[PDB]
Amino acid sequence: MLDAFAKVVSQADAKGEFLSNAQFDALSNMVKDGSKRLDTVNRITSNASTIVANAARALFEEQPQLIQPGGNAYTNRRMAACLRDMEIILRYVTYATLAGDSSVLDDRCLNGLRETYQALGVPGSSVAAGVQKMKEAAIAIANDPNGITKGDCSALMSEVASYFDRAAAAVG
């Protein structure tokens, strides 16, 4: 997997090149908001139960057939699995968020997943709807003015949203 720094290194090495001035600046830019990024992970992270439960709870009000006898979230084994998938996607988004690169979220989570959810009968449309709810909840929490040095984090919150969208799309 790649973080933002490694991605620049990997393309520089393929051309035989030292880092260009721009590249050094671009990279220098990431370490700036790094403290912001750490607040985002920490906050999403320390509210991850909440965000997983409240997005599932809401998913199942909009899609009752999921928790109907016969539905794919019915039985506590499937329900724990369904909650598990949600925790996981949240997990890999927070990783991607620390890295500044969606590599880890594509390698270890998303590549393969749609095929898996079809082979299994997992309704993929609903996972996608699932992730939508996580995304709003987690950005809202991350990007909350209270109890923090105030400042602008909208680059991050846009970065975070693209990772969520990306999970949604991989299964959607």
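A residue's number is simply how far along the shown sequence it sits, counting from 1.
Novice: Can you let me know which of the two, 78-86 or 97-105, has the higher average C-alpha B-factor in the entry?
Specialist: Comparing 78-86 with 97-105, the higher average CA B-factor belongs to 97-105.
Novice: Of the two stretches 55-63 and 25-33, which shows the higher Cα B-factor on average in the entry?
Specialist: 25-33 has the higher mean C-alpha B-factor.
Novice: Please work out which residue in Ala48, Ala128, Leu38, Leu120 has the highest C-alpha B-factor recorded for this crystal structure.
Specialist: Among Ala48, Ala128, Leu38, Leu120, the highest C-alpha B-factor in the entry belongs to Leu120.
Novice: When the modelled residues of the chain are sorted by Cα temperature factor, does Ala161 land in the lowest, middle or highest third?
Specialist: Middle third of the chain for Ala161's C-alpha B-factor.
Novice: Taking the C-alpha B-factors as the PDB entry records them, is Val8 in the lowest, middle or highest third of its chain?
Specialist: It falls in the bottom third of the chain.
Novice: Of the three thirds of its chain by CA temperature factor, lowest, middle or highest, which one includes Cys153?
Specialist: For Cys153, whose C-alpha B-factor we compare with every modelled residue in the chain, the answer is the middle third.
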